Amino acid sequence: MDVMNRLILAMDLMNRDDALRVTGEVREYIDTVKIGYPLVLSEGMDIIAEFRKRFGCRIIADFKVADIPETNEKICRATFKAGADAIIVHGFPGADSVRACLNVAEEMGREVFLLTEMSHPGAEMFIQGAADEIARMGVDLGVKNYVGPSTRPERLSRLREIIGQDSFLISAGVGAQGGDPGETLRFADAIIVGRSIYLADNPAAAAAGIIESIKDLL
Amino acid sequence: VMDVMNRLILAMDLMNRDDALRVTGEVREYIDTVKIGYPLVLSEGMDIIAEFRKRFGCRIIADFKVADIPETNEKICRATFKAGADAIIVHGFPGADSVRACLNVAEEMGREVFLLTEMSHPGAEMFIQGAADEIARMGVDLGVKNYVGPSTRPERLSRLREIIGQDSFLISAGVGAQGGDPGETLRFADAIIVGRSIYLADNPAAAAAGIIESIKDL
Ligand SMILES: O=c1cnn([C@@H]2O[C@H](COP(=O)(O)O)[C@@H](O)[C@H]2O)c(=O)[nH]1
Ligand SMILES: O=c1cnn([C@@H]2O[C@H](COP(=O)(O)O)[C@@H](O)[C@H]2O)c(=O)[nH]1
């Protein structure tokens, strides 16, 4: 996956007008948008097609899929029907639940991103101690796309070690949650950025600024 | 605690609006509590919650297995309660801050959180099971009153009941299709969640009636 400027916009505004306007304001800087439940539950799944119509951007559905295999399959099918290119799936519920997602993605020509360790403090309680094993499970299952924590570059580096340089790794927690764009890109292929851009007085200037700060990394 | 008719909660995971409405209407005399999840919501929109309220005299539990960072969890809960859900199901494995975020919104908005501890599917053994007692104890410490545990593992369901105490409200999934027995499960759970055994039956009303007849003494 070729992400323009190594920068993925996390569009978590919950109003269609604002979401479309802000995304439009930064469109020259991105070609990949992560859409999650805040926007989808507020405005409907049709918003995904609307983003593709307006911006032609690729869409990663950050739905943290975390159900039993049967329900996971249905979730993935509904999501890809709406035009998502990829979906983010939790690994904590185990291999069968991940495989269910991999099956649908293969069937519809899409990608699964396996979330291994999360960026927030609560991730330390249970997720962090399982994270390496979750990553090895991804490797065993043939997962090629992963998500790890910008807020813990040592943990992000370990995740990269496990999955290898061939796998694709994106990372959340940049900016608002404290992660640094350039440091995160030592290990991740692309950074996810939400509030630092979409809550900024001038989102285009914010995006431009982040890109300037990583200009030597492409 | 919520008064669940016949101790039976329908898991309405049909993805077609017409079918979902038909089947739910057919079993309405037996069930006043419906669990609506992402298969239906991502297919038909959050307005499906409104439609169920209008058509049936049923409480709505949104099974969204909320599993994000606190900031995103808050937004998901707000959107879900705004749409008319009485309660939402939240994962504990992302840790205490993530759960607290949901509890805070539920308190502010006058609704309820159900904490999912151990899941019913085979993959739950890989990571969730080993964390489940601690997740339950965490729920108790956070003041969580409503919980979800696995019908498929009576021994684990019994232990979860012990941890949360007799005053807490416990519902349980994995009954029927996944192998759980209604009667045994109700030794420990206040109510059972049943999906496919009802909604895939030639006669869903007869299926629900049969389940209820099998537990009449309870
Ligand atoms: O471990 C994770 C996984 N996903 N996200 C998601 O990435 C985005 C981060 O946005 P932010 O830059 O505003 O913090 C949000 O959509 C959040 O749900 C994280 O923050 N951390
Ligand atoms: O641990 C859990 C938690 N939730 N569910 C949910 O409960 C329902 C079970 O439906 P079923 O009776 O068709 O198996 C489905 O909506 C599934 O997502 C489980 O099955 N197991």
Side-chain angles (χ1 to χ4, degrees), chain A residues 68 70-71, chain B residues 1-14 19-37 39-40 52-53 55-63 85-89 112 114-121 124 136 144-218:
Chain A
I68 69 176
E70 291 80 1
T71 294
Chain B
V1 300
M2 62 163 65
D3 186 346
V4 172
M5 184 177 294
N6 287 320
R7 300 181 73 180
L8 175 65
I9 297 170
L10 175 68
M12 181 31 64
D13 299 310
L14 289 176
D19 292 336
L21 294 163
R22 182 188 72 255
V23 171
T24 305
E26 285 173 359
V27 305
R28 180 230 196 97
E29 75 192 82
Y30 301 104
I31 299 176
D32 69 359
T33 307
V34 180
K35 188 179 75 67
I36 294 184
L40 181 51
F52 270 53
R53 289 293 294 165
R55 296 206 45 169
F56 318 117
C58 68
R59 299 184 195 86
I60 300 292
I61 299 175
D63 186 2
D86 297 279
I88 194 170
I89 296 170
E112 296 198 283
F114 279 66
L115 181 66
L116 174 59
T117 61
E118 178 167 337
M119 289 179 69
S120 59
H121 67 296
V144 174
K145 297 173 305 176
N146 307 291
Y147 296 81
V148 187
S151 177
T152 52
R153 296 187 199 95
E155 75 282 8
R156 298 292 305 133
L157 191 63
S158 176
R159 180 67 191 135
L160 167 61
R161 168 56 77 185
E162 290 174 356
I163 293 166
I164 68 180
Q166 299 302 337
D167 289 349
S168 296
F169 190 66
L170 176 57
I171 67 178
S172 185
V175 179
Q178 304 177 58
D181 177 77
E184 297 304 309
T185 303
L186 290 173
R187 292 179 296 167
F188 312 112
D190 293 281
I192 48 177
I193 297 159
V194 179
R196 287 164 285 169
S197 288
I198 292 171
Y199 73 69
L200 294 181
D202 286 345
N203 186 341
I211 290 166
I212 287 166
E213 172 67 23
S214 78
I215 65 174
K216 185 165 64 173
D217 51 89
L218 300 88

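Just so we're on the same page: letters track the sequence lines, and every chain starts at 1. These values consider heavy atoms only, across backbone and side chains, with no hydrogens, waters or symmetry-generated copies.
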Report all side-chain donor-acceptor pairs from residues 204-212 of chain B shorter than 3.5 Å, counting only partners two or more places apart or in another chain.
none

### Task
Search all heavy atoms of B/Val175 against all heavy atoms of B/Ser151 and return the closest pair with its distance.
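Answer, listing the atom of B/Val175 first, then B/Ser151: CG2-OG, 3.3 Å.
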### Task
Over all heavy atoms of both residues, which pair between B/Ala136 and B/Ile164 is shortest? Give the atoms and the distance, please.
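In terms of heavy atoms, the two residues are closest at CB-CG2, 4.4 Å.
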#### Entry: Sequence-distant partners of B/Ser120, side-chain contact (heavy atoms from CB on, under 4.5 Å), two or more places apart
A/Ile68, B/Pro150, B/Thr152, B/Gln178
Starting at [atom1] of [X], measure out to [atom2] of [Y] and round the result to the nearest 0.5 Å.
| X | Y | atom1 | atom2 | value |
| --- | --- | --- | --- | --- |
| B/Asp19 | B/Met12 | CG | CE | 9.0 Å |
| B/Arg7 | B/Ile31 | CZ | CD1 | 14.5 Å |
| B/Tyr199 | B/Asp13 | OH | CG | 4.5 Å |
| B/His121 | A/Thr71 | NE2 | OG1 | 10.0 Å |
| B/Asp63 | B/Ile89 | CG | CD1 | 3.5 Å |
| B/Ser172 | B/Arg153 | OG | CZ | 10.5 Å |

### Message
Taking side-chain hydrogen bond (donor to acceptor under 3.5 Å, both in side chains) as the cut-off, I'd like each qualifying pair that reaches into residues 207-218 of chain B, sequence neighbours left out, listed once.
### Response
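Not a single pair qualifies under side-chain hydrogen bond (donor to acceptor under 3.5 Å, both in side chains).
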### Task
Find out whether B/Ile171 and B/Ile61 are in side-chain contact, i.e. whether some heavy atom of one side chain is under 4.5 Å from a heavy atom of the other.
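Sidechains of B/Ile61 and B/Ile171: in contact.
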Which residues share a salt bridge (charged side-chain N to carboxylate O under 4.0 Å, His left out) with [X], sequence neighbours left out:
| X | value |
| --- | --- |
| B/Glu184 | B/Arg187 |
| B/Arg156 | B/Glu118, B/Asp133 |
| B/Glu112 | none |
| B/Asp32 | B/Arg59 |

### Task
Would you please name every residue forming a side chain to side chain donor-acceptor pair (under 3.5 Å) with B/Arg55, sequence neighbours left out?
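Testing B/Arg55 for side chain to side chain donor-acceptor pair (under 3.5 Å), a comparison that skips the adjacent residues, returns none.
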#### Entry: All side chain to side chain donor-acceptor pair (under 3.5 Å) counterparts of B/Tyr147, not counting sequence neighbours
none
### Task
Provide the full list of salt bridge (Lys or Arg N to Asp or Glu O under 4.0 Å) pairs with a residue in residues 169-183 of chain B, sequence neighbours left out, each pair given once.
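Pairs touching residues 169-183 of chain B that pass the test: none.
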Kindly list each side-chain donor-acceptor pair under 3.5 angstrom involving residues 188-197 of chain B, sequence neighbours excluded, with atom names and distances?
from	atom 1	to	atom 2	distance (Å)
B/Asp190	OD2	B/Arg161	NH2	2.8
B/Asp190	OD2	B/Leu170	N	2.9
B/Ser197	OG	B/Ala177	N	3.4

### Message
Restricting to ring pair (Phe, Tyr, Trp, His ring centres under 6.0 Å), what partner residues turn up for B/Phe56, sequence neighbours left out?
### Response
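B/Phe56: ring pair (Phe, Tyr, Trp, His ring centres under 6.0 Å) contacts with B/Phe52.
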